[PDB]
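Q: Below is the file data19.pdb, which contains PDB, C-alpha atoms.
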ATOM      1  CA  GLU K  60      33.600 -15.170 -32.428
ATOM      2  CA  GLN K  61      32.508 -11.578 -31.810
ATOM      3  CA  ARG K  62      29.314 -11.061 -33.821
ATOM      4  CA  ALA K  63      27.660 -14.425 -33.128
ATOM      5  CA  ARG K  64      28.461 -13.978 -29.441
ATOM      6  CA  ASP K  65      27.061 -10.439 -29.592
ATOM      7  CA  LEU K  66      24.034 -11.158 -31.783
ATOM      8  CA  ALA K  67      22.947 -14.094 -29.625
ATOM      9  CA  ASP K  68      22.713 -11.615 -26.760
ATOM     10  CA  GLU K  69      20.419  -9.162 -28.560
ATOM     11  CA  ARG K  70      18.235 -11.897 -30.016
ATOM     12  CA  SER K  71      17.883 -13.626 -26.652
ATOM     13  CA  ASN K  72      17.018 -10.341 -24.958
ATOM     14  CA  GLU K  73      14.286  -9.756 -27.518
ATOM     15  CA  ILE K  74      12.964 -13.263 -26.872
ATOM     16  CA  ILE K  75      12.873 -12.658 -23.113
ATOM     17  CA  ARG K  76      11.200  -9.286 -23.565
ATOM     18  CA  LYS K  77       8.632  -9.976 -26.287
ATOM     19  CA  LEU K  78       7.122 -13.150 -24.802
ATOM     20  CA  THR K  79       5.640 -14.076 -21.453
ATOM     21  CA  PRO K  80       6.860 -17.355 -19.955
ATOM     22  CA  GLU K  81       3.731 -18.951 -21.447
ATOM     23  CA  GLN K  82       3.781 -17.809 -25.061
ATOM     24  CA  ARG K  83       7.358 -19.116 -25.059
ATOM     25  CA  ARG K  84       6.391 -22.587 -23.870
ATOM     26  CA  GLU K  85       4.004 -23.056 -26.781
ATOM     27  CA  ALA K  86       6.057 -21.204 -29.380
ATOM     28  CA  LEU K  87       8.677 -23.869 -28.664
ATOM     29  CA  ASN K  88       6.187 -26.570 -29.692
ATOM     30  CA  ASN K  89       4.936 -24.838 -32.861
ATOM     31  CA  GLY K  90       8.406 -23.888 -34.118
ATOM     32  CA  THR K  91       7.255 -20.271 -34.265
ATOM     33  CA  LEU K  92       9.816 -19.066 -31.728
ATOM     34  CA  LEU K  93      11.404 -15.828 -32.866
ATOM     35  CA  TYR K  94      14.817 -17.466 -33.337
ATOM     36  CA  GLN K  95      14.428 -21.237 -33.349
ATOM     37  CA  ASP K  96      17.170 -21.805 -35.923
ATOM     38  CA  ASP K  97      19.945 -19.807 -34.238
ATOM     39  CA  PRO K  98      21.659 -22.218 -31.831
ATOM     40  CA  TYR K  99      23.745 -19.489 -30.204
ATOM     41  CA  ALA K 100      20.726 -17.262 -29.553
ATOM     42  CA  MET K 101      18.674 -20.078 -28.066
ATOM     43  CA  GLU K 102      21.599 -21.338 -26.001
ATOM     44  CA  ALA K 103      22.043 -17.859 -24.547
ATOM     45  CA  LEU K 104      18.293 -17.821 -23.896
ATOM     46  CA  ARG K 105      18.562 -21.119 -22.035
ATOM     47  CA  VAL K 106      21.443 -19.650 -20.051
ATOM     48  CA  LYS K 107      19.527 -16.540 -19.015
ATOM     49  CA  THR K 108      16.458 -18.616 -18.156
ATOM     50  CA  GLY K 109      18.823 -20.292 -15.728
ATOM     51  CA  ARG K 110      19.968 -17.075 -14.084
ATOM     52  CA  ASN K 111      16.442 -15.784 -13.563
ATOM     53  CA  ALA K 112      15.484 -19.030 -11.850
ATOM     54  CA  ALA K 113      18.722 -18.875  -9.879
ATOM     55  CA  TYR K 114      17.620 -15.590  -8.385
ATOM     56  CA  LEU K 115      14.047 -16.710  -7.819
ATOM     57  CA  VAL K 116      15.310 -19.624  -5.715
ATOM     58  CA  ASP K 117      18.147 -17.846  -3.920
ATOM     59  CA  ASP K 118      15.966 -14.918  -2.890
ATOM     60  CA  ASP K 119      13.056 -17.090  -1.807
ATOM     61  CA  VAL K 120      15.380 -18.880   0.554
ATOM     62  CA  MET K 121      16.915 -15.596   1.730
ATOM     63  CA  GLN K 122      13.531 -14.139   2.656
TER      64      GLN K 122
ATOM     65  CA  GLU F 201     -14.261  13.369  -1.101
ATOM     66  CA  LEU F 202     -15.138  11.885   2.286
ATOM     67  CA  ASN F 203     -16.038  15.339   3.599
ATOM     68  CA  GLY F 204     -19.015  15.159   1.265
ATOM     69  CA  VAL F 205     -21.037  12.782   3.420
ATOM     70  CA  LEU F 206     -18.981  12.595   6.626
ATOM     71  CA  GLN F 207     -18.802  16.233   7.786
ATOM     72  CA  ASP F 208     -22.406  17.424   8.034
ATOM     73  CA  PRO F 209     -22.831  16.594  11.732
ATOM     74  CA  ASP F 210     -26.315  15.277  10.986
ATOM     75  CA  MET F 211     -25.172  13.111   8.057
ATOM     76  CA  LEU F 212     -22.793  11.075  10.205
ATOM     77  CA  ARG F 213     -25.352   9.646  12.620
ATOM     78  CA  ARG F 214     -27.360   8.332   9.679
ATOM     79  CA  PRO F 215     -27.054   4.535   9.343
ATOM     80  CA  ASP F 216     -25.992   4.613   5.679
ATOM     81  CA  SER F 217     -22.757   6.590   6.067
ATOM     82  CA  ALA F 218     -21.262   3.447   7.579
ATOM     83  CA  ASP F 219     -22.156   1.642   4.368
ATOM     84  CA  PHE F 220     -20.810   4.564   2.343
ATOM     85  CA  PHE F 221     -17.441   4.315   4.067
ATOM     86  CA  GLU F 222     -17.298   0.540   3.725
ATOM     87  CA  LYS F 223     -18.103   0.785   0.010
ATOM     88  CA  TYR F 224     -15.630   3.634  -0.483
ATOM     89  CA  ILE F 225     -12.721   1.668   0.969
ATOM     90  CA  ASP F 226     -13.728  -1.602  -0.701
ATOM     91  CA  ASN F 227     -14.267  -0.229  -4.211
ATOM     92  CA  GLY F 228     -11.126   1.832  -3.828
ATOM     93  CA  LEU F 229      -9.047  -1.207  -3.043
ATOM     94  CA  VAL F 230     -10.615  -3.281  -5.832
ATOM     95  CA  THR F 231     -10.962  -0.720  -8.634
ATOM     96  CA  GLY F 232      -7.528   0.846  -8.160
ATOM     97  CA  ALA F 233      -8.810   4.164  -6.794
ATOM     98  CA  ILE F 234      -6.970   3.203  -3.591
ATOM     99  CA  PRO F 235      -3.904   1.352  -4.882
ATOM    100  CA  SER F 236      -1.823   0.339  -1.890
ATOM    101  CA  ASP F 237      -2.925  -1.396   1.285
ATOM    102  CA  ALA F 238      -0.323   0.775   2.954
ATOM    103  CA  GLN F 239      -2.507   3.643   1.741
ATOM    104  CA  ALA F 240      -5.990   2.366   2.526
ATOM    105  CA  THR F 241      -4.719   2.129   6.097
ATOM    106  CA  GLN F 242      -3.852   5.831   6.094
ATOM    107  CA  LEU F 243      -7.289   6.614   4.667
ATOM    108  CA  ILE F 244      -8.878   4.598   7.478
ATOM    109  CA  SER F 245      -6.765   6.210  10.174
ATOM    110  CA  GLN F 246      -7.413   9.706   8.848
ATOM    111  CA  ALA F 247     -11.139   9.344   8.193
ATOM    112  CA  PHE F 248     -11.587   7.934  11.699
ATOM    113  CA  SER F 249      -9.745  10.899  13.216
ATOM    114  CA  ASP F 250     -11.860  13.258  11.122
ATOM    115  CA  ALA F 251     -15.040  11.504  12.229
ATOM    116  CA  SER F 252     -13.992  11.129  15.872
ATOM    117  CA  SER F 253     -13.191  14.800  16.466
ATOM    118  CA  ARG F 254     -16.566  15.902  15.188
ATOM    119  CA  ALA F 255     -20.104  16.089  16.535
ATOM    120  CA  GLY F 256     -21.984  13.002  15.463
ATOM    121  CA  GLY F 257     -18.994  10.721  15.223
ATOM    122  CA  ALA F 258     -19.329   8.246  18.067
ATOM    123  CA  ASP F 259     -22.201   6.374  16.462
ATOM    124  CA  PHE F 260     -20.694   6.444  12.982
ATOM    125  CA  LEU F 261     -17.610   4.828  14.479
ATOM    126  CA  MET F 262     -19.623   2.297  16.460
ATOM    127  CA  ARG F 263     -21.469   1.433  13.268
ATOM    128  CA  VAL F 264     -18.383   1.089  11.091
ATOM    129  CA  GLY F 265     -16.490  -1.001  13.619
ATOM    130  CA  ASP F 266     -18.579  -3.969  12.543
ATOM    131  CA  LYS F 267     -18.146  -3.802   8.750
ATOM    132  CA  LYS F 268     -15.764  -6.122   6.933
ATOM    133  CA  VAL F 269     -12.614  -4.945   5.148
ATOM    134  CA  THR F 270      -9.770  -6.923   3.590
ATOM    135  CA  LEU F 271      -6.230  -5.560   3.931
ATOM    136  CA  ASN F 272      -2.867  -7.303   3.466
ATOM    137  CA  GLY F 273      -4.728 -10.434   2.434
ATOM    138  CA  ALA F 274      -6.226 -10.880   5.910
ATOM    139  CA  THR F 275      -9.914  -9.968   6.191
ATOM    140  CA  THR F 276     -11.124  -8.393   9.406
ATOM    141  CA  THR F 277     -13.420  -5.868  11.078
ATOM    142  CA  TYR F 278     -12.447  -2.252  11.611
TER     143      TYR F 278
ATOM    144  CA  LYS B 123       4.372   0.693  -8.456
ATOM    145  CA  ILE B 124       6.261  -2.232  -6.941
ATOM    146  CA  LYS B 125       7.680  -0.431  -3.927
ATOM    147  CA  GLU B 126       4.469   1.534  -3.392
ATOM    148  CA  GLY B 127       2.502  -1.674  -3.035
ATOM    149  CA  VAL B 128       0.033  -2.080  -5.872
ATOM    150  CA  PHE B 129       0.809  -5.666  -6.843
ATOM    151  CA  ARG B 130      -0.155  -8.080  -4.087
ATOM    152  CA  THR B 131       0.981 -11.212  -5.907
ATOM    153  CA  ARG B 132       3.786 -12.150  -8.240
ATOM    154  CA  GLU B 133       1.553 -12.939 -11.206
ATOM    155  CA  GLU B 134       0.093  -9.441 -11.237
ATOM    156  CA  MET B 135       3.546  -7.864 -11.245
ATOM    157  CA  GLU B 136       4.586 -10.289 -13.997
ATOM    158  CA  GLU B 137       1.622  -9.425 -16.209
ATOM    159  CA  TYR B 138       1.923  -5.704 -15.515
ATOM    160  CA  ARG B 139       5.632  -5.773 -16.319
ATOM    161  CA  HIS B 140       5.155  -7.687 -19.561
ATOM    162  CA  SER B 141       2.304  -5.581 -20.896
ATOM    163  CA  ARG B 142       3.950  -2.301 -19.998
ATOM    164  CA  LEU B 143       7.163  -3.505 -21.638
ATOM    165  CA  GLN B 144       5.326  -4.003 -24.919
ATOM    166  CA  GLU B 145       3.315  -0.788 -24.753
ATOM    167  CA  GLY B 146       6.382   1.251 -23.810
ATOM    168  CA  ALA B 147       8.588  -0.287 -26.495
ATOM    169  CA  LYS B 148       5.910   0.932 -28.877
ATOM    170  CA  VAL B 149       4.965   4.314 -27.400
ATOM    171  CA  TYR B 150       8.436   5.678 -26.753
ATOM    172  CA  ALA B 151       9.538   4.649 -30.226
ATOM    173  CA  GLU B 152       6.610   6.324 -31.966
ATOM    174  CA  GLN B 153       7.300   9.406 -29.845
ATOM    175  CA  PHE B 154      10.966   9.457 -30.899
ATOM    176  CA  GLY B 155      10.292   8.562 -34.552
ATOM    177  CA  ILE B 156      12.253   5.302 -34.404
ATOM    178  CA  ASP B 157      10.599   2.177 -35.748
ATOM    179  CA  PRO B 158       9.425   0.149 -32.720
ATOM    180  CA  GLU B 159      10.658  -3.109 -34.287
ATOM    181  CA  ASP B 160      14.031  -1.590 -35.210
ATOM    182  CA  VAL B 161      17.007  -3.828 -34.538
ATOM    183  CA  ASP B 162      19.188  -1.201 -32.907
ATOM    184  CA  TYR B 163      16.270   0.173 -30.869
ATOM    185  CA  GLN B 164      15.661  -3.296 -29.478
ATOM    186  CA  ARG B 165      19.386  -3.500 -28.704
ATOM    187  CA  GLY B 166      19.382  -0.799 -26.038
ATOM    188  CA  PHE B 167      15.738  -1.078 -25.038
ATOM    189  CA  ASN B 168      15.927  -4.795 -24.276
ATOM    190  CA  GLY B 169      19.502  -4.425 -23.116
ATOM    191  CA  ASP B 170      20.102  -6.405 -19.932
ATOM    192  CA  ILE B 171      16.558  -7.615 -19.436
ATOM    193  CA  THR B 172      17.562 -10.287 -16.931
ATOM    194  CA  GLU B 173      19.325  -7.879 -14.585
ATOM    195  CA  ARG B 174      16.349  -5.509 -14.726
ATOM    196  CA  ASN B 175      13.976  -8.397 -14.076
ATOM    197  CA  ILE B 176      16.081  -9.619 -11.165
ATOM    198  CA  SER B 177      16.176  -6.187  -9.564
ATOM    199  CA  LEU B 178      12.400  -5.911  -9.923
ATOM    200  CA  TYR B 179      11.773  -9.396  -8.547
ATOM    201  CA  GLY B 180      13.943  -8.652  -5.528
ATOM    202  CA  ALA B 181      12.393  -5.278  -4.774
ATOM    203  CA  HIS B 182       9.009  -6.969  -5.061
ATOM    204  CA  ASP B 183       9.714 -10.017  -2.928
ATOM    205  CA  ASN B 184      10.778  -7.694  -0.129
ATOM    206  CA  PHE B 185       7.263  -6.309  -0.372
ATOM    207  CA  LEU B 186       5.737  -9.785  -0.482
ATOM    208  CA  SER B 187       7.583 -10.768   2.691
ATOM    209  CA  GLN B 188       6.516  -7.684   4.635
ATOM    210  CA  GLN B 189       2.938  -8.070   3.381
ATOM    211  CA  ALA B 190       2.926 -11.676   4.550
ATOM    212  CA  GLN B 191       4.070 -10.564   8.007
ATOM    213  CA  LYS B 192       1.364  -7.893   8.228
ATOM    214  CA  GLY B 193      -1.297 -10.313   7.045
ATOM    215  CA  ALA B 194      -0.152 -13.035   9.417
ATOM    216  CA  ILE B 195      -0.498 -10.678  12.374
ATOM    217  CA  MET B 196      -3.905  -9.379  11.293
ATOM    218  CA  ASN B 197      -4.909 -13.014  10.758
ATOM    219  CA  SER B 198      -3.757 -14.328  14.121
ATOM    220  CA  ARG B 199      -6.073 -11.797  15.735
ATOM    221  CA  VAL B 200      -9.217 -12.830  13.849
TER     222      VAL B 200
END
Would you encode the structure as structure tokens?

A:
Amino acid sequence: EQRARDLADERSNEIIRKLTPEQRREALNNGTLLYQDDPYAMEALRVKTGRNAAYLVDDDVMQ
Amino acid sequence: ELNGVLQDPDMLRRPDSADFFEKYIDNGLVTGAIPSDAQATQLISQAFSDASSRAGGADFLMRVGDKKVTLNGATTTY
Amino acid sequence: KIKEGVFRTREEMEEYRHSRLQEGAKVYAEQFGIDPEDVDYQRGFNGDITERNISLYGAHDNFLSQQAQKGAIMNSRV
């Protein structure tokens, strides 16, 4: 479980980088997301979309 | 670039140089020529000290202190 | 550009970040010869995008907070 754990990371990073939070919302409804098939890549994406929001809430209470 | 129409001690007391300064600061803040509102403030506070220590400056200042400028989101008068 | 004070909002920083990410991922590649779509290039270029984004968001929300303070003062005077 080394490659699939490692390749999900790269593929998710490319998803986060190559798409604004609005091209992603609609690419998820037209099946044209860069890696829609890969369950590991999209699960890592859903994890990192949790950490970004975690910071955006924690910091906007800290301020 | 402000010393082009704000140094000639007869070109200050004209009533358009106030409009020139207002348009300079505004179009600098909007069209990126003046990026940061922490930098338009330094331009204000240096152009006013150039125009205050100079013959012809009192009326330029009294004319510009009624023009509108928008910094830090809050709009106000100089 | 964040800590200098160009972006007044969060949406403008978001758009600026995204567009400059794309244009840099292209320009630096074509300067170094590497294919911009290369799989290994996009392994170290897009490496740790969430930590970079979090650092940027933090060092920009500091600016948003101080800008809100400044604007609230200059607005409670008008």

Q: I'd like the interatomic distance between CA of residue 251 (chain F) and CA of residue 206 (chain F), to a tenth of an Å.

A: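 Calculated distance between CA of residue 251 (chain F) and CA of residue 206 (chain F) is 6.9 Å.
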
Q: Would you mind listing, as a PyMOL selection string, all residues of chain B that have at least one atom within 9 Å of chain K, where all atoms listed in the file are what counts?

A: chain B and resi 136-137+140+143-144+161+164-166+168-173+175-176+179-180+183-184+187

Q: Decode the PyMOL selection byres ((chain F and resi 209) around 8) for the given file into explicit residues and return them as a PDB file with C-alpha atoms, keeping the file's coordinate frame.

A:
ATOM      1  CA  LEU F 206     -18.981  12.595   6.626  1.00  0.00           C
ATOM      2  CA  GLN F 207     -18.802  16.233   7.786  1.00  0.00           C
ATOM      3  CA  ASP F 208     -22.406  17.424   8.034  1.00  0.00           C
ATOM      4  CA  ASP F 210     -26.315  15.277  10.986  1.00  0.00           C
ATOM      5  CA  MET F 211     -25.172  13.111   8.057  1.00  0.00           C
ATOM      6  CA  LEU F 212     -22.793  11.075  10.205  1.00  0.00           C
ATOM      7  CA  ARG F 213     -25.352   9.646  12.620  1.00  0.00           C
ATOM      8  CA  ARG F 254     -16.566  15.902  15.188  1.00  0.00           C
ATOM      9  CA  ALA F 255     -20.104  16.089  16.535  1.00  0.00           C
ATOM     10  CA  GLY F 256     -21.984  13.002  15.463  1.00  0.00           C
ATOM     11  CA  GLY F 257     -18.994  10.721  15.223  1.00  0.00           C
TER      12      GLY F 257
END

Q: Compute the set of chain F residues within 9 Å of chain B, using all atoms listed in the file, and express it as a list in words.

A: residues 232, 235, 236, 237, 238, 239, 271, 272, 273, 274, 275, 276 and 277 of chain F

Q: What does the structure give for the distance between CA of residue 93 (chain K) and CA of residue 160 (chain B), in Å to one decimal?

A: 14.7 Å

Q: Specify as a PyMOL selection string each residue included when the PyMOL selection byres ((chain F and resi 262) around 12) is applied to this file.

A: chain F and resi 212-215+217-218+248+251-252+256-261+263-267+277-278

Q: For the file shown, what are the residues hit by the PyMOL selection byres ((chain B and resi 148) around 12), laid out as an NGL selection string?

A: (:K and (77)) or (:B and (141-147 or 149-160 or 163-164 or 167))
